[PDB]
>>> print(open('upload36.cif').read())   # mmCIF, C-alpha atoms
data_start
#
loop_
_atom_site.label_atom_id
_atom_site.label_comp_id
_atom_site.auth_asym_id
_atom_site.auth_seq_id
_atom_site.Cartn_x
_atom_site.Cartn_y
_atom_site.Cartn_z
CA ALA A 876 7.99 13.91 -17.45
CA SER A 877 8.43 10.57 -19.17
CA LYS A 878 5.42 9.17 -21.01
CA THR A 879 4.00 5.74 -20.35
CA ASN A 880 1.54 4.49 -22.97
CA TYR A 881 -1.66 2.91 -21.68
CA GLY A 882 -2.57 1.60 -25.14
CA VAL A 883 -6.34 2.19 -24.89
CA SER A 884 -8.44 5.37 -24.88
CA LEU A 885 -9.18 7.15 -21.63
CA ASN A 886 -12.86 6.15 -22.00
CA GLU A 887 -12.02 2.46 -22.50
CA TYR A 888 -9.56 2.48 -19.59
CA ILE A 889 -12.17 3.95 -17.24
CA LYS A 890 -14.67 1.31 -18.38
CA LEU A 891 -12.13 -1.47 -17.82
CA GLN A 892 -11.48 -0.26 -14.28
CA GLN A 893 -15.18 0.05 -13.49
CA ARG A 894 -16.16 -3.38 -14.77
CA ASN A 895 -13.26 -5.24 -13.16
CA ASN A 896 -13.22 -3.51 -9.78
CA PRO A 897 -14.72 -5.86 -7.18
CA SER A 898 -16.62 -2.84 -5.82
CA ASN A 899 -18.97 -0.62 -7.80
CA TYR A 900 -17.99 3.03 -8.42
CA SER A 901 -19.41 5.46 -11.02
CA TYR A 902 -17.82 6.38 -14.35
CA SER A 903 -17.53 10.01 -13.29
CA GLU A 904 -15.77 9.11 -10.06
CA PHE A 905 -13.15 7.09 -12.01
CA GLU A 906 -12.80 9.70 -14.76
CA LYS A 907 -11.90 12.42 -12.32
CA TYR A 908 -8.96 10.49 -10.83
CA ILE A 909 -7.80 8.65 -13.99
CA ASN A 910 -7.73 11.69 -16.27
CA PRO A 911 -4.25 13.23 -15.88
CA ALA A 912 -5.53 16.62 -17.12
CA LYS A 913 -7.50 16.88 -13.89
CA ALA A 914 -4.61 16.09 -11.48
CA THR A 915 -3.82 19.00 -9.18
CA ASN A 916 -1.11 17.14 -7.29
CA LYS A 917 1.86 16.10 -9.38
CA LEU A 918 3.35 13.85 -6.68
CA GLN A 919 1.17 10.94 -7.84
CA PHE A 920 3.41 10.95 -10.93
CA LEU A 921 6.70 11.10 -8.99
CA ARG A 922 9.07 8.23 -9.71
CA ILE A 923 9.32 6.57 -6.30
CA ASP A 924 11.70 3.72 -7.23
CA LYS A 925 14.69 5.55 -5.80
CA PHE A 926 15.77 6.64 -2.34
CA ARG A 927 15.95 10.42 -1.86
CA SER A 928 17.62 12.10 1.13
CA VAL A 929 15.36 13.72 3.71
CA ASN A 930 15.83 15.61 6.96
CA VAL A 931 15.39 12.72 9.43
CA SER A 932 14.99 14.75 12.62
CA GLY A 933 12.59 17.12 10.78
CA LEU A 934 10.53 14.13 9.69
CA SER A 935 10.44 12.72 13.21
CA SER A 936 9.24 16.12 14.49
CA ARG A 937 6.60 16.39 11.76
CA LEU A 938 5.28 12.95 12.78
CA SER A 939 3.90 14.59 15.87
CA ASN A 940 0.49 13.01 16.56
CA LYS A 941 0.65 9.79 14.52
CA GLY A 942 -0.04 6.96 16.99
CA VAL A 943 2.47 4.14 16.77
CA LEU A 944 4.23 6.04 13.95
CA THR A 945 4.87 9.09 16.15
CA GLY A 946 8.47 10.31 15.88
CA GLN A 947 9.48 7.29 13.76
CA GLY A 948 11.50 9.30 11.19
CA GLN A 949 14.56 7.11 11.57
CA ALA A 950 12.73 3.83 11.00
CA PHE A 951 11.08 5.20 7.86
CA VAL A 952 14.29 6.52 6.35
CA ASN A 953 16.21 3.37 7.24
CA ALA A 954 13.55 1.22 5.52
CA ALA A 955 13.41 3.49 2.48
CA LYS A 956 17.20 3.38 2.13
CA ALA A 957 17.38 -0.42 2.50
CA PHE A 958 14.78 -0.82 -0.25
CA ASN A 959 15.84 2.08 -2.50
CA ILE A 960 12.43 3.77 -2.41
CA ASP A 961 11.30 7.33 -1.73
CA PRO A 962 10.97 7.83 2.06
CA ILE A 963 8.25 10.50 1.82
CA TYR A 964 6.20 8.16 -0.31
CA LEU A 965 6.72 5.40 2.28
CA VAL A 966 5.75 7.66 5.17
CA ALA A 967 2.59 8.78 3.31
CA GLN A 968 1.54 5.29 2.29
CA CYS A 969 1.94 4.05 5.86
CA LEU A 970 0.09 6.99 7.38
CA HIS A 971 -2.80 6.30 5.01
CA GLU A 972 -3.00 2.53 5.46
CA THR A 973 -2.73 2.71 9.27
CA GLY A 974 -5.07 5.69 9.79
CA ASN A 975 -2.31 7.89 11.14
CA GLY A 976 -0.86 5.02 13.20
CA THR A 977 -4.15 3.96 14.85
CA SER A 978 -5.29 0.73 13.16
CA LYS A 979 -5.41 -2.35 15.42
CA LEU A 980 -2.84 -4.30 13.39
CA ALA A 981 -0.54 -1.26 13.14
CA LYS A 982 -0.57 -0.35 16.83
CA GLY A 983 0.70 -3.79 17.85
CA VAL A 984 -1.27 -6.85 18.95
CA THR A 985 0.26 -8.89 21.74
CA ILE A 986 -0.65 -12.44 20.81
CA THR A 987 -0.55 -15.75 22.63
CA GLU A 988 -1.22 -18.06 19.67
CA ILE A 989 -0.88 -18.24 15.88
CA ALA A 990 -2.97 -20.00 13.24
CA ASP A 991 -1.95 -23.06 11.30
CA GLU A 992 -3.76 -22.14 8.09
CA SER A 993 -3.09 -25.68 6.78
CA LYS A 994 -5.56 -27.00 9.36
CA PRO A 995 -8.87 -25.22 8.79
CA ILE A 996 -11.97 -25.90 10.89
CA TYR A 997 -15.38 -25.82 9.18
CA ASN A 998 -19.06 -25.63 10.11
CA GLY A 999 -21.09 -28.78 10.09
CA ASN A 1000 -22.36 -26.48 7.38
CA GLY A 1001 -19.37 -26.15 5.04
CA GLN A 1002 -18.32 -22.73 6.29
CA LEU A 1003 -14.84 -21.88 7.59
CA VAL A 1004 -14.91 -20.84 11.24
CA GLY A 1005 -11.42 -21.36 12.64
CA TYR A 1006 -8.02 -22.99 12.40
CA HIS A 1007 -6.04 -25.25 14.67
CA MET A 1008 -3.88 -22.87 16.68
CA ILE A 1009 -0.28 -23.02 17.91
CA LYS A 1010 0.36 -21.74 21.43
CA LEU A 1011 3.34 -19.43 21.82
CA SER A 1012 5.87 -19.97 24.61
CA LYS A 1013 5.31 -16.41 25.76
CA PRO A 1014 3.23 -13.44 24.56
CA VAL A 1015 4.72 -11.57 21.57
CA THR A 1016 3.71 -8.16 20.22
CA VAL A 1017 3.40 -8.10 16.41
CA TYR A 1018 2.81 -5.22 14.02
CA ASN A 1019 1.39 -5.28 10.50
CA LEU A 1020 1.00 -1.86 8.89
CA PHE A 1021 -0.64 -2.92 5.63
CA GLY A 1022 -2.57 -5.95 6.88
CA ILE A 1023 -0.53 -8.30 4.70
CA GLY A 1024 -1.87 -11.80 5.16
CA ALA A 1025 -5.10 -10.48 6.73
CA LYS A 1026 -7.66 -12.31 4.58
CA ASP A 1027 -11.43 -11.66 4.33
CA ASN A 1028 -13.68 -12.08 7.32
CA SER A 1029 -17.16 -13.60 7.21
CA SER A 1030 -20.29 -13.61 9.37
CA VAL A 1031 -19.32 -16.99 10.80
CA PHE A 1032 -15.61 -16.03 11.03
CA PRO A 1033 -15.48 -12.35 12.05
CA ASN A 1034 -11.87 -12.34 13.30
CA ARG A 1035 -10.15 -14.13 10.40
CA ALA A 1036 -8.30 -11.01 9.29
CA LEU A 1037 -6.98 -10.33 12.80
CA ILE A 1038 -5.90 -13.96 13.33
CA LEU A 1039 -4.18 -14.37 9.90
CA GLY A 1040 -2.69 -10.84 9.93
CA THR A 1041 -1.06 -11.33 13.32
CA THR A 1042 0.03 -14.84 12.33
CA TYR A 1043 1.73 -13.56 9.16
CA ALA A 1044 3.40 -10.75 11.07
CA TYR A 1045 4.70 -13.26 13.65
CA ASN A 1046 5.98 -15.55 10.87
CA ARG A 1047 7.84 -12.62 9.22
CA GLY A 1048 9.37 -11.45 12.52
CA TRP A 1049 7.48 -8.15 12.57
CA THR A 1050 7.88 -7.84 16.35
CA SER A 1051 8.90 -4.19 16.42
CA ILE A 1052 7.65 -1.09 14.65
CA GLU A 1053 11.08 -0.76 12.98
CA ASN A 1054 10.77 -4.26 11.49
CA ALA A 1055 7.18 -3.70 10.44
CA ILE A 1056 8.16 -0.51 8.61
CA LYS A 1057 10.87 -2.50 6.82
CA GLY A 1058 8.25 -5.17 5.98
CA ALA A 1059 5.97 -2.49 4.51
CA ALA A 1060 8.79 -1.08 2.42
CA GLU A 1061 9.63 -4.57 1.17
CA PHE A 1062 6.00 -5.29 0.24
CA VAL A 1063 5.63 -2.24 -2.01
CA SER A 1064 9.16 -2.45 -3.39
CA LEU A 1065 9.28 -6.09 -4.46
CA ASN A 1066 5.65 -6.26 -5.60
CA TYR A 1067 5.12 -2.87 -7.31
CA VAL A 1068 7.80 -0.21 -7.29
CA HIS A 1069 10.89 -2.28 -8.17
CA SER A 1070 9.11 -5.18 -9.89
CA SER A 1071 10.69 -5.64 -13.30
CA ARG A 1072 7.51 -7.45 -14.36
CA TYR A 1073 5.05 -4.79 -13.24
CA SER A 1074 7.15 -1.59 -13.10
CA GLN A 1075 4.55 0.20 -11.01
CA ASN A 1076 6.94 2.90 -9.94
CA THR A 1077 4.60 5.85 -9.39
CA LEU A 1078 1.55 6.12 -7.13
CA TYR A 1079 -0.65 6.46 -10.19
CA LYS A 1080 0.74 3.26 -11.69
CA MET A 1081 0.34 1.40 -8.42
CA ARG A 1082 -3.39 2.17 -8.57
CA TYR A 1083 -3.87 2.16 -12.32
CA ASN A 1084 -1.73 -0.42 -14.05
CA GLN A 1085 -0.25 0.78 -17.37
CA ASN A 1086 -0.72 -2.72 -18.81
CA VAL A 1087 -4.42 -3.43 -19.30
CA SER A 1088 -3.81 -7.16 -19.13
CA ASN A 1089 -2.39 -6.64 -15.62
CA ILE A 1090 -5.23 -4.56 -14.12
CA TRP A 1091 -5.77 -7.22 -11.42
CA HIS A 1092 -2.39 -6.24 -10.00
CA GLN A 1093 -3.29 -2.86 -8.44
CA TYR A 1094 -2.69 -1.81 -4.83
CA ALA A 1095 -6.21 -0.59 -3.89
CA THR A 1096 -9.76 -0.36 -5.26
CA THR A 1097 -10.74 3.22 -4.31
CA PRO A 1098 -10.60 5.53 -7.36
CA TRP A 1099 -8.93 8.31 -5.34
CA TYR A 1100 -6.20 6.11 -3.79
CA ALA A 1101 -3.14 7.58 -5.55
CA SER A 1102 -4.44 11.14 -5.11
CA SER A 1103 -4.94 10.50 -1.38
CA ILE A 1104 -1.39 9.32 -0.82
CA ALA A 1105 0.07 12.15 -2.89
CA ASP A 1106 -1.84 14.72 -0.80
CA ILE A 1107 -0.21 13.32 2.33
CA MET A 1108 3.23 13.41 0.66
CA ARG A 1109 2.74 17.11 -0.08
CA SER A 1110 2.57 17.80 3.69
CA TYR A 1111 6.12 16.46 4.00
CA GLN A 1112 7.66 17.54 0.70
CA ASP A 1113 9.83 20.34 2.15
CA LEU A 1114 11.80 17.69 4.08
CA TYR A 1115 13.64 16.49 0.97
CA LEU A 1116 17.33 17.31 0.97
CA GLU A 1117 17.77 16.78 -2.76
CA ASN A 1118 16.14 17.97 -5.95
CA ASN A 1119 16.34 15.08 -8.43
CA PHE A 1120 12.61 14.74 -8.98
CA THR A 1121 11.58 12.85 -12.08
CA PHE A 1122 8.00 12.20 -13.17
CA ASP A 1123 6.16 9.65 -15.33
CA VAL A 1124 2.72 10.44 -16.77
CA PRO A 1125 0.11 8.25 -18.46
CA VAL A 1126 -0.70 8.63 -22.12
CA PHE A 1127 -4.01 7.43 -23.49
CA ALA A 1128 -4.96 6.62 -27.08
CA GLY A 1129 -7.62 9.28 -27.31
#
>>> encode(input="upload36.cif", output="structure tokens")
Amino acid sequence: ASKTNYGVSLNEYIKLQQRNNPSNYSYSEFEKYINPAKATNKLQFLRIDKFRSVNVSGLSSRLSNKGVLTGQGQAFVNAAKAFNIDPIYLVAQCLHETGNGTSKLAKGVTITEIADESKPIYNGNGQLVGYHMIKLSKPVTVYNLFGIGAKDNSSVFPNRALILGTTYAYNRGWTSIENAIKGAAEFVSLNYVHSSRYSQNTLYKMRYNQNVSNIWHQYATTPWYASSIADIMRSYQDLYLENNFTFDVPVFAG
């Protein structure tokens, strides 16, 4: 495996994660997933910034009971190929984010309006509660696997994420599962995996940025995120049709 320097000690890196994470997790939780000596699944270190051939029909068959993602081997491989990323990684990441194809935004929402976010509506009280809406000419089903655009809800605006997530998906033309899988591939490719700025081209790097100054740019906040996706990948790993697996592992300064 290639070696990517993290430039601080393992201890200091864990502490940096813990203090900067918007949620609170324990040192020991972080240590267990950050320490590469404790990894039991090497697929979190797989270089995923290249397409690898897979058995498409085998993948479709394996995606047996996966909600909206059921049997969608072709759409996954097509998206992976178009974006030069690993299709098993993409499958796994989508299965995770959508709860095996069952999340509301992933399953398809058939909408009749979208938000104009440039026209917010506030409480007499200073709180955001709505936007001016735009009525669609006819109902349109939109899909959004990762909830891109789906910003935070509040007590006085409980459906903000649903409204903005479906709006974004409409505005990006994610009106079929095939397009939404392409949109997902594009998101991770351009922002993480094939970013020349960020170079976050393994699952572990996506979660745990190798540049300490860039630790705000990380895909998720759960300590176990990269491990979780790798475990899903392992369920599909026999479907590869090639053998050119290269790995990249973190190196800490003590």
>>> residues_around(input="upload36.cif", residues="stretch 953-966 of chain A", least_positions_apart="2", cutoff="8 Å", atoms="only C-alpha atoms", output="NGL selection string")
:A and (923-929 or 949-951 or 968-970 or 1056-1057 or 1060-1061 or 1064 or 1068 or 1104-1105 or 1108 or 1111-1112)
>>> resolve_selection(input="upload36.cif", expression="the PyMOL selection byres ((chain A and resi 893-901) around 9)", output="list in words")
residues 888, 889, 890, 891, 892, 902, 903, 904, 905, 906, 1090, 1091, 1096, 1097 and 1098 of chain A
>>> write_last_selection(input="upload36.cif", atoms="C-alpha atoms", output="mmCIF file, keeping the file's coordinate frame")
data_model
loop_
_atom_site.group_PDB
_atom_site.id
_atom_site.type_symbol
_atom_site.label_atom_id
_atom_site.label_comp_id
_atom_site.auth_asym_id
_atom_site.auth_seq_id
_atom_site.Cartn_x
_atom_site.Cartn_y
_atom_site.Cartn_z
ATOM 1 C CA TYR A 888 -9.560 2.480 -19.590
ATOM 2 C CA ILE A 889 -12.170 3.950 -17.240
ATOM 3 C CA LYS A 890 -14.670 1.310 -18.380
ATOM 4 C CA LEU A 891 -12.130 -1.470 -17.820
ATOM 5 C CA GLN A 892 -11.480 -0.260 -14.280
ATOM 6 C CA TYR A 902 -17.820 6.380 -14.350
ATOM 7 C CA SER A 903 -17.530 10.010 -13.290
ATOM 8 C CA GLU A 904 -15.770 9.110 -10.060
ATOM 9 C CA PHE A 905 -13.150 7.090 -12.010
ATOM 10 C CA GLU A 906 -12.800 9.700 -14.760
ATOM 11 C CA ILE A 1090 -5.230 -4.560 -14.120
ATOM 12 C CA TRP A 1091 -5.770 -7.220 -11.420
ATOM 13 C CA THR A 1096 -9.760 -0.360 -5.260
ATOM 14 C CA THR A 1097 -10.740 3.220 -4.310
ATOM 15 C CA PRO A 1098 -10.600 5.530 -7.360
#
>>> residues_around(input="upload36.cif", residues="stretch 987-1001 of chain A", least_positions_apart="6", cutoff="12 Å", atoms="only C-alpha atoms", output="VMD selection string")
chain A and resid 1007 to 1017 1024 to 1026 1031 to 1032 1034 to 1046
>>> residues_around(input="upload36.cif", residues="residue A:946", least_positions_apart="4", cutoff="10 Å", atoms="all atoms listed in the file", output="NGL selection string")
:A and (931-942 or 950-951)
>>> residues_around(input="upload36.cif", residues="stretch 981-984 of chain A", least_positions_apart="4", cutoff="9 Å", atoms="all atoms listed in the file", output="JSON, numbers by chain")
{"A": [942, 943, 944, 972, 973, 974, 976, 977, 1015, 1016, 1017, 1018, 1019, 1020, 1021, 1022, 1041, 1050, 1051, 1052, 1055]}
>>> closest_residue(input="upload36.cif", among="A:1092, A:979, A:913, A:878", to="residue A:1066", atoms="all atoms listed in the file")
A:1092
>>> atom_distance(input="upload36.cif", atom1="atom CA of residue A:881", atom2="atom CA of residue A:1085")
5.0 Å
>>> atom_distance(input="upload36.cif", atom1="atom CA of residue A:882", atom2="atom CA of residue A:1129")
9.4 Å
>>> resolve_selection(input="upload36.cif", expression="the PyMOL selection byres ((chain A and resi 1093) around 10)", output="list in words")
residues 1066, 1067, 1073, 1075, 1079, 1080, 1081, 1082, 1083, 1084, 1089, 1090, 1091, 1092, 1094, 1095 and 1096 of chain A
>>> residues_around(input="upload36.cif", residues="residue A:1121", least_positions_apart="4", cutoff="10 Å", atoms="all atoms listed in the file", output="PyMOL selection string")
chain A and resi 876-877+918+920-923
>>> atom_distance(input="upload36.cif", atom1="atom CA of residue A:1070", atom2="atom CA of residue A:1047")
20.5 Å
>>> closest_residue(input="upload36.cif", among="A:1126, A:1114, A:1065, A:986", to="residue A:1086", atoms="all atoms listed in the file")
A:1126
>>> decode(input="upload36.cif", residues="stretch 1052-1110 of chain A", atoms="C-alpha atoms", output="CSV table (one decimal), in the first residue's frame")
chain,number,residue,atom,x,y,z
A,1052,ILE,CA,-33.2,6.5,-10.5
A,1053,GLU,CA,-30.6,6.2,-13.3
A,1054,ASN,CA,-30.0,10.0,-13.2
A,1055,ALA,CA,-29.9,10.1,-9.4
A,1056,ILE,CA,-27.3,7.4,-9.3
A,1057,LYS,CA,-25.3,9.5,-11.8
A,1058,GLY,CA,-25.8,12.5,-9.6
A,1059,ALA,CA,-24.5,10.6,-6.5
A,1060,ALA,CA,-21.4,9.4,-8.4
A,1061,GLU,CA,-20.8,13.0,-9.5
A,1062,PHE,CA,-21.1,14.3,-6.0
A,1063,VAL,CA,-18.5,12.0,-4.5
A,1064,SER,CA,-16.2,12.1,-7.6
A,1065,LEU,CA,-15.9,15.9,-8.0
A,1066,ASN,CA,-15.9,16.7,-4.3
A,1067,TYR,CA,-13.8,14.0,-2.8
A,1068,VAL,CA,-12.5,11.1,-4.9
A,1069,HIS,CA,-11.2,13.0,-8.0
A,1070,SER,CA,-10.7,16.4,-6.3
A,1071,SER,CA,-7.2,17.5,-7.0
A,1072,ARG,CA,-7.5,19.8,-4.1
A,1073,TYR,CA,-8.7,17.3,-1.5
A,1074,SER,CA,-7.5,13.9,-3.0
A,1075,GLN,CA,-9.9,12.0,-0.8
A,1076,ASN,CA,-9.6,8.8,-2.8
A,1077,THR,CA,-10.2,6.1,-0.2
A,1078,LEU,CA,-13.1,5.7,2.1
A,1079,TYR,CA,-10.8,6.3,5.1
A,1080,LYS,CA,-9.7,9.6,3.6
A,1081,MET,CA,-13.2,10.7,2.8
A,1082,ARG,CA,-14.0,10.4,6.5
A,1083,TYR,CA,-10.7,11.4,7.9
A,1084,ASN,CA,-9.0,14.0,5.9
A,1085,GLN,CA,-5.2,13.5,5.5
A,1086,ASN,CA,-4.7,17.3,5.7
A,1087,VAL,CA,-5.4,18.5,9.2
A,1088,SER,CA,-6.2,22.0,8.0
A,1089,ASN,CA,-9.0,20.5,5.8
A,1090,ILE,CA,-10.8,18.4,8.5
A,1091,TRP,CA,-14.0,20.4,7.8
A,1092,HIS,CA,-14.1,18.7,4.4
A,1093,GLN,CA,-15.1,15.2,5.5
A,1094,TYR,CA,-18.1,13.2,4.2
A,1095,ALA,CA,-19.8,12.2,7.5
A,1096,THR,CA,-19.5,12.7,11.3
A,1097,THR,CA,-19.9,9.1,12.6
A,1098,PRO,CA,-16.5,7.6,13.6
A,1099,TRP,CA,-17.4,4.3,12.0
A,1100,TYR,CA,-18.5,5.7,8.7
A,1101,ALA,CA,-15.6,4.4,6.4
A,1102,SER,CA,-15.7,1.0,8.2
A,1103,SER,CA,-19.5,0.7,7.6
A,1104,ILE,CA,-19.2,1.3,3.9
A,1105,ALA,CA,-16.3,-1.0,3.5
A,1106,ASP,CA,-18.2,-3.8,5.2
A,1107,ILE,CA,-21.0,-3.4,2.6
A,1108,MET,CA,-18.4,-3.5,-0.2
A,1109,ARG,CA,-17.1,-6.8,1.1
A,1110,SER,CA,-20.5,-8.4,0.4
